[PDB]
Number of protein chains: 6
Amino acid sequence: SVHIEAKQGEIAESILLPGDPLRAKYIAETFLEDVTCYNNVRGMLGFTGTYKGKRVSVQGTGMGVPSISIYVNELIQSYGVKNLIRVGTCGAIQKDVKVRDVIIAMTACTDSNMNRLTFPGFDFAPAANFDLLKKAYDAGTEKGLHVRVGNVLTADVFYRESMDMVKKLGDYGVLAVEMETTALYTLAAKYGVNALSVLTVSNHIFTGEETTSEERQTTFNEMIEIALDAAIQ
Amino acid sequence: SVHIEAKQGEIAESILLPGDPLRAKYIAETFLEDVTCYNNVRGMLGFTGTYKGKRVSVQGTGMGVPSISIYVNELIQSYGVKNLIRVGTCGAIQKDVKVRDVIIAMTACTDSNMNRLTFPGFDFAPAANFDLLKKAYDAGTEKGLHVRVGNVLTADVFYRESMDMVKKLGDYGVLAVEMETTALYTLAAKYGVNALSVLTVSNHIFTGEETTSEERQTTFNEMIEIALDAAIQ
Amino acid sequence: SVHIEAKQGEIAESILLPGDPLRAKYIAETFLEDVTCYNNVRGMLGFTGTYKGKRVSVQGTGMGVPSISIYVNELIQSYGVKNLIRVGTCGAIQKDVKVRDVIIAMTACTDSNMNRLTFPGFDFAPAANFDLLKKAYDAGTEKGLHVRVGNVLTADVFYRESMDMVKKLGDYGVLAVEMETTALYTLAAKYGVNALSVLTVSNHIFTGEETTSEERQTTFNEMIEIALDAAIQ
Amino acid sequence: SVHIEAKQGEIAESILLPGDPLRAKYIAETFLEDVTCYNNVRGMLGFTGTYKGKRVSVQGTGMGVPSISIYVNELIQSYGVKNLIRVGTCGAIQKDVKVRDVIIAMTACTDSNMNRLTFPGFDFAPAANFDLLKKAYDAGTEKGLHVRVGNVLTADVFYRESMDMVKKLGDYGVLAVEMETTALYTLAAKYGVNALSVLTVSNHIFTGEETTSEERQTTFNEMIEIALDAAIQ
Amino acid sequence: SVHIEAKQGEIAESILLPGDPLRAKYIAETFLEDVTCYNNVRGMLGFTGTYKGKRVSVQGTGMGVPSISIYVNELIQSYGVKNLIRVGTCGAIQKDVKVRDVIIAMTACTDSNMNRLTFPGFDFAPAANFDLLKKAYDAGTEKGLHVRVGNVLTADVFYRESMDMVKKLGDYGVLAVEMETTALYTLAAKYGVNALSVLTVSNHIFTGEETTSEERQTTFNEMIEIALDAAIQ
Amino acid sequence: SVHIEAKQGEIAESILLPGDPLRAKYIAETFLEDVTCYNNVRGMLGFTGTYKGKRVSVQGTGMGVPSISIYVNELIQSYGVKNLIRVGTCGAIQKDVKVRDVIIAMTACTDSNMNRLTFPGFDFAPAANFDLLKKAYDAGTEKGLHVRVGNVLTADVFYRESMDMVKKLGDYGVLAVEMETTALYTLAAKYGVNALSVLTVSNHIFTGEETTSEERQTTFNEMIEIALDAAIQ
Ligand SMILES: O=c1[nH]cnc2c1ncn2[C@@H]1O[C@H](CO)[C@@H](O)[C@H]1O
Ligand SMILES: O=c1[nH]cnc2c1ncn2[C@@H]1O[C@H](CO)[C@@H](O)[C@H]1O
Ligand SMILES: O=c1[nH]cnc2c1ncn2[C@@H]1O[C@H](CO)[C@@H](O)[C@H]1O
Ligand SMILES: O=c1[nH]cnc2c1ncn2[C@@H]1O[C@H](CO)[C@@H](O)[C@H]1O
Ligand SMILES: O=c1[nH]cnc2c1ncn2[C@@H]1O[C@H](CO)[C@@H](O)[C@H]1O
Ligand SMILES: O=c1[nH]cnc2c1ncn2[C@@H]1O[C@H](CO)[C@@H](O)[C@H]1O
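In the PDB archive, X-ray crystallography is given as the structure determination method for this entry, at a resolution of 1.4000 Å.

Chain A is annotated in the PDB entry as Purine nucleoside phosphorylase deoD-type of Bacillus cereus. The UniProt entry for chain A carries the following text under Function: "Catalyzes the reversible phosphorolytic breakdown of the N-glycosidic bond in the beta-(deoxy)ribonucleoside molecules, with the formation of the corresponding free purine bases and pentose-1-phosphate." Per UniProt, the comment on chain A under Subunit is "Homohexamer; trimer of homodimers."

Put into structure tokens, the structure is as follows:
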């Protein structure tokens, strides 16, 4: 496809979608066997390998609705992918949400115009595939993680001048901010395939608490495991 | 409160919310013991009774976002209600969704302006309480119902001149149309309480299939049972 | 029709539209002769009778744009109704407007999306039928009421978190808030029939003054009389 | 003021507002006695004189919401004007509306953003002063004109690429298109003064019928008379 | 055309567009030879003459997007005009912008709805013809003027209740406010012809500094010269 | 900063901004001397080196408004960058625009919501720094390139279901589609620094013509040269 140099059949039907291509590399090296790298266009690494015997892929998406939309469209339309699980990080916008929690997004709010253009006059609420959601929830519960299932904000702006609306969304139960889920969930629904986002809380936007990769790695490793499990089912 | 004549403490913390007040009467008479009627203002019947030993209420809401918003605000703010389960009907907008299916709404799309006013420039995706959702899903699964968990449209207009956008929403996986869920889910989130909508598919909007109350009553009875169960937990 | 169980011909061509079905009952019992009840679906009472010798009907609408839109569509499209007069209550948003005033709405502002969906990019100003308006004005003037003719707000939300915009509308001459007129006037215009809203001011939103039904009943009775008069002409 | 060179007190409290400054000149010369010209800034002629003994003014506004808004703000805020009557022309968008009809605008629809900016999320329906409206209606009725009272479109674009929405507005009872009323009515309401628009239908937009000034002059003269009458009361 | 009484061929292919028709008269009398007046409809003077031997026209537009849109549509579509240069005034909204500066608009922001209607869901950025822009820039540079090339605001409202957004636009580099450029640039682009706006700063909106025509006339004369030069090339 | 691991002072005040980090590597290796790599976070390579003796940097941005906004905010606010030139590719949406043309964006249209959120009710037209624009134009003219200066579309969606609006924008003179310029120009203006986008046309969206990197490399090399030149001045 335009942004992926893989041949037909090189990408598995189940795929993990980190935003960072170097995290795709880490996931492939850490968890998968019999690994090939099928893409390095724009440095946006993608790999296929085996986990507990099943083929699976892992593909960086880049940051933001427009970037992930490019990759998700191509994966679905050109490579026949069926199950797509974003594995990422997010910033908590509730005191009750803690750094190192794992959030499974039921749905996402957004300040993107992508869906207002598609459905003029409507608020489109992009939804997770429930069967994948339940599988990940059950796997994370059994893995012993603090799993929260709820709403997130998919933001176009990482650096927002006023935080008033983000605070207000938090007061309406929105758990955390990230930059991709609306697009993944909307496009998967469009094409009749299955999507989920599973996120590690890496910082709290209003307390200023933050972590490096190393400082959240055990939780992050465990989260990848339950994303892979929800994939291989 | 302005629209409910009950005294403080007459309404239980868990409540079922049919749109039709005569369905509230049917539910109270059919399922509950030790029943009182606490409201007849505007004919919008409300009852409290016991089911398998636990107090519970049932309150008509009327039709549409503005009507249910009035009742939900008053129930939460004046009567201290904690768990709110809409029990209603809907029209399928997918061929794969069948009349007599039970839909549990994860989230809702809308053509209402209610949330655009509250969050200018954003698409707010109103979400179910996951713990209530899981309890209802498990109860309906065990009850032997065809349960579908997904997205619905909360419409302001029952009679829409063009169906183009409703068809398009169906192509993006939206299961059915109804007229209340956005408001229930948004207000419950605002106030930190727990909401869910559990709906019986009564007609298919694009095939013209339809049912009377009697023609869907066994399914509807079973749905009330699993809404009550998710309530008494 | 879907929400009205009347046979063809049971509903008169001229109809009064209170929001409260129990007010429809009161109006029929108090003012009409030879009364039949033609509907009790959803408890949304409707009656036909005679006033000073002419057939007329009275039909509850419920609260809010979506509810009244259902009834008005069915009345016009399935029952051939020609003259529709909402008879209701409202909350004043001007100090100069007094409780027990009667407001005849020339037009209505709204926070509903109903017309933005129909006319993308435009502000649709829903207008009263002038001939009905003049007849009601003349009848109320002769009846000795304080009649104010002007603009109202048709609100989707009864409980608004911030009142800033309602105050601002008051500063631009908007007289009172209610929850139905935009829909009645828009739909009547769509179908080429005649509509009017005639409202009793029951409270002042910024002074906190309020009334019970009994405390405004003489004014309310007189208002029904001039709505009926504007109907029988 | 910035756009009017008159001294304080040179402009009467009642004023007619044609769009064309040469029509202001015609009105002053044809109907008024003891006439002064108080403005020629930008060629936007304004005059004060006497009609049946009462002082009155007549001021061109130019075409479009932004132009008339400039003049109306200055007249109200700098010159203390109290009663403002636009006297203009319009294009019919209904077959039932005829060239040479006089339309008295109850309210106006618009494709302008002026009110969406002022009232975010709301549709503001700009309304005529009813007392002035009734006075003009009664005067036109007695004068023997075909007077229509209803809704108009205030357009930003005279040359619209697609007429679909103008046709649709006609199907919802909107009588004619012009380019000023929304602004006049909104600003008068803002400042607590009295406004009305009284328009001669000069063309039918969908039949192509049209008139020159001379071809509608008797009707136009009669309309000025009843605008002046509604002014001097 | 509807608003211009000229015969075919009476208007030159290159035209200057002041807002004030009396400025069109001043420009023709001051700079042109062999002058004819081809229009006085609505007092909106238009002239054709010769400058340094080349035919050119000058046409008042009136104030605001709707007024200039009428004239620009007719000039382009009925009179075959090819090069259109608005010559006007503006109010500075930056301290760094000085009264008597000449601004050449690259593009324009707006609070008009004109382009949102044409391109639903998009922000259309109306752009100058670069070749004309460069010619005017070079001519003004050589003439010894303080020329600033940048962004302006095309406003619908001259009298804005809150200046917050105008201040904010200034903080994003917008130089000045005027009332026509969006429309000129958009329509010229639509029809494949060449437009530019060249403006004299006449006042500073936040310091209150202001000028009369006489007080900026030398600069204004020099600006007309470089607009004419960019025209005759 | 959060997404760039460079120390203070490692990034030059003038910077080129390709979307593809591997193009940043190519630019540094091909054109610069004394090169350091200061960033590999997320694989988003950034380099500093010397060109004709002046320090300069080159930093990948990723694809889309949200991605480039992250990098541009950090470069400006944390690293003190002053001159930012996007060097990228685009798809032509005019027949008159040819593959291998170089477009210098004066301004950009968008379907992003980023500026509607910042300036509610307004169309913000993001503008290039004119001084940088002129320097690049002059350099490209002297280099012998086909340089077009005009408007572009900054799109959120690479894969758009309907092309109707893109075609319409082309009919209004918009030259090409890309995915970053609105954000670069808006943020540079916010912070008072200088930005430009210089793009090679790599494909024609409506003819299907396309190129590989190798097939446009001579033009692309020449474009980098004139972006660097406009930088070192
Ligand atoms: O606090 C946050 N705000 C926005 N995005 C975040 C946050 N935390 C993690 N991400 C995620 O990391 C990238 C941006 O750095 C995006 O991919 C986003 O989804
Ligand atoms: O097909 C449908 N469209 C809209 N609402 C429906 C449909 N089916 C059931 N409801 C539900 O019944 C009432 C309206 O009659 C509303 O309360 C709505 O939620
Ligand atoms: O102050 C008010 N706000 C909103 N609606 C009102 C008010 N007063 C009367 N109504 C009317 O009563 C119902 C809501 O209780 C609605 O039908 C509305 O039209
Ligand atoms: O058909 C019409 N469309 C738009 N405006 C019209 C029409 N007829 C009359 N006017 C009026 O004349 C000026 C424009 O020529 C505007 O002032 C408008 O109000
Ligand atoms: O400060 C200003 N605000 C708005 N428009 C201005 C300003 N200065 C000059 N103009 C210009 O003059 C007319 C309005 O008086 C308009 O044509 C506008 O473009
Ligand atoms: O035809 C096009 N549409 C959208 N973006 C394009 C096109 N051609 C080049 N780009 C540019 O390349 C990346 C997307 O592949 C984006 O960075 C965009 O700016």
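### Quick notes on a nonpolar patch on the surface
On the surface, A:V2, F:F158 and F:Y159 cluster together into a nonpolar patch covering about 270 Å² of accessible area. With respect to the helices, strands and loops of the structure, F:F158 is situated in the loop between β7 (147-154) and α5 (164-171). Judged by relative accessible area, which is 40%, F:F158 ranks as partly exposed.

### Things to note about the arrangement of the chains
There is a gap between chain A and chain D: no contact, and a shortest C-alpha distance of 12 Å. At their nearest point, the C-alpha atoms of chain C and chain F are still 12 Å apart, with no contact between the two.

### Thoughts on the pairing of strand β1 (residues 14-17) of chain F
All names here are of chain F. What you see with β1 is no split at all: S14 and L16 on one side and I15 and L17 on the other are buried throughout. The sheet contact formed by β1 and strand β5 (residues 83-92) spans four bridges and is parallel. Its bridge partner lying in β5, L16 is registered against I85. Inspection of the sheet shows β1 paired to strand β4 (residues 54-59) by two bridges, in the parallel sense. Bridge pairing in β4 links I15 to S57.

### Here's the deal with the relation of the copies chain D and chain C
What connects the two chain copies is a rotation about an axis and a shift along it. Rotating chain D by 180° and translating it 0.0 Å along the rotation axis places it on chain C, where the RMSD comes to 0.0 Å. The transformation just described matches what one would write down for a two-fold rotation axis. No C-alpha of chain D lies nearer the rotation axis than that of D:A125, which sits 2.4 Å from it. Most of the interface of chain D is mirrored in chain C, where 100% of its interface residues are also at the interface.

### Some words on the site of ligand 4
Around ligand 4 sit 14 residues in total, of which D:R86, D:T89, D:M179, D:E180 and E:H3 are the nearest. Those chains with residues close to ligand 4 are chains D and E. Within the side chain of D:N203, one N or O atom sits 3.4 Å away from a nitrogen atom of ligand 4. Going through the elements one at a time, β5 (83-92) and β8 (176-178) of chain D are the ones with two or more residues in the shell around ligand 4. Sort the elements by how many residues they give to the shell around ligand 4 and β5(D) lands first, with four residues. A per-class count over the shell around ligand 4 returns six nonpolar, four polar and four charged.

The rules behind each value
The residue numbers you see begin from 1 on each chain and track the sequence as written, which may not match the entry, and residues missing coordinates are not shown. All chains are assigned letters beginning at A, and all ligands numbers beginning at 1, according to the order in which they are written. Note: side-chain values were computed over all heavy atoms of the structure, leaving out hydrogens and water. Residues with missing side-chain atoms are left out of burial classes, side-chain pairs and their counts. UniProt positions are given in the numbering used here, feature names are shortened, and annotations may be inferred rather than shown by experiment. Each patch is built from salt-bridge-free residues with over 30% relative accessible area, joining like charges within 9 Å and nonpolar side chains (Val, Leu, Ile, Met, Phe, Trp, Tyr) within 5 Å. The accessible surface values rely on the Shrake-Rupley method and a 1.4 Å probe; as for residues, cover is taken only from the protein chains in view. Take a side-chain nitrogen of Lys or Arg and a carboxyl oxygen of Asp or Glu: if they are within 4 Å of each other, that pair is a salt bridge. Helical segments are the DSSP runs of H or I of at least four residues, strand segments are the runs of E of at least two, and each set is numbered from the N terminus. When accessible area is computed with a 1.4 Å probe and restricted to protein chains, residues below 20% of their type maximum are described as buried, those above 50% as exposed, and intermediate ones as partly exposed. Should any heavy atoms of two residues lie within 4.5 Å, those residues are considered in contact. By definition, two strands form a pair when at least two bridges between them are found by DSSP. Superposing the copies is done by minimising, in the least-squares sense, the deviation of their C-alpha atoms. The nearness test applies per residue and asks whether one of its heavy atoms lies within 4 Å of the molecule or strand. What qualifies as a polar contact is a pair of N or O atoms within 3.5 Å, subject to a donor-acceptor requirement within protein and to the restriction that residues adjacent in sequence count only when both atoms come from side chains. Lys, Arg, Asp and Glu make up the charged group, whereas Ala, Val, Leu, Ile, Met, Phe, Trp, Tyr, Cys and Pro make up the nonpolar group; the residues left over, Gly among them, are polar.

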